[PDB]
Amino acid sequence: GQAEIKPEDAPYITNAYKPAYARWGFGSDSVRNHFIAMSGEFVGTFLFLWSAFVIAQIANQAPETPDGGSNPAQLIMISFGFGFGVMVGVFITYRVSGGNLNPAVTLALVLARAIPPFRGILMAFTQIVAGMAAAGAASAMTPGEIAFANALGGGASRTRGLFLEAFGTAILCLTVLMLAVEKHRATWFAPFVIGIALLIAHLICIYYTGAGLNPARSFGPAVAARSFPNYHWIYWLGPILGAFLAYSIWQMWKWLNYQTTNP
């Protein structure tokens, strides 16, 4: 009735592939543990954003599309850079820091009480510094003017851009909450679903807002380009609103004990 597990194969069963924040209980507030979490967020955010910035730099060397029209292949390439970039970053750092790689994701998880506030602030600070470093590195490593900073486009107003950013970020954060924070037989696979959520959010937003969805992603290139549009606030308030919306939905489902027919 049972299948044998050879001793040498036990680690593949005993070592759960779960986000680090799931096991941040007593003992977590050591300098060692804060450093581990910061190092995961730094390495993960740097590799994700650096990759995606260079990919966007390249995609934006495509010949101009007339009459402000869209270029689907270009948008797909950029969406792959961020979606698959984050997927790889999260898979790498899942057991180091949980792979948030995004202050808005960290905010949603602080609201959900998956991550305590101080650790959350440390992680968010680390992500922003990593975004600055990634933007500086991508700039230094590519020819031409920086083409990976966020800006409104496609005829979108600031108000439309704000909403697009908020809803796009909500999809991302709700994915992290339901797949990574909730504990079940698919938690291990959350980094994939998270990557696809960000891919979709880019297909929604790049054409209209450049796709911020992540204050660390938006801030870094603005620093490197020495250019902040006056509507830069949409790349902070939008994702913040998105985090709160995702948290609210998750919280309603938690209050309802959603996963259980007869609680």
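Don't overthink the numbering: it's just position in the shown sequence, from 1.
Averaged over Cα atoms, the B-factor as recorded in the entry is higher for 223-231 than for the other of 198-206 and 223-231. When the two stretches 42-50 and 26-34 are set side by side, the higher mean Cα temperature factor goes to 26-34. The PDB entry assigns the greatest CA B-factor among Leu75, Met178, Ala114, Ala104 to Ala114. Of all the options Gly168, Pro191, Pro143, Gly131, the entry's greatest CA B-factor is assigned to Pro143. Among the modelled residues of its chain, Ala216 has a C-alpha B-factor that falls in the middle third, as given in the PDB entry. In the PDB entry, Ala20 places in the lowest third of its chain by CA B-factor. In this PDB entry, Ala56 carries a Cα temperature factor that places it within the lowest third of its chain's modelled residues.
Placement of the Cα temperature factor of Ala186 within the chain: lowest third of the modelled residues, per the deposited record.
Looking at the C-alpha B-factors along this chain, the one for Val110 belongs to the middle third.
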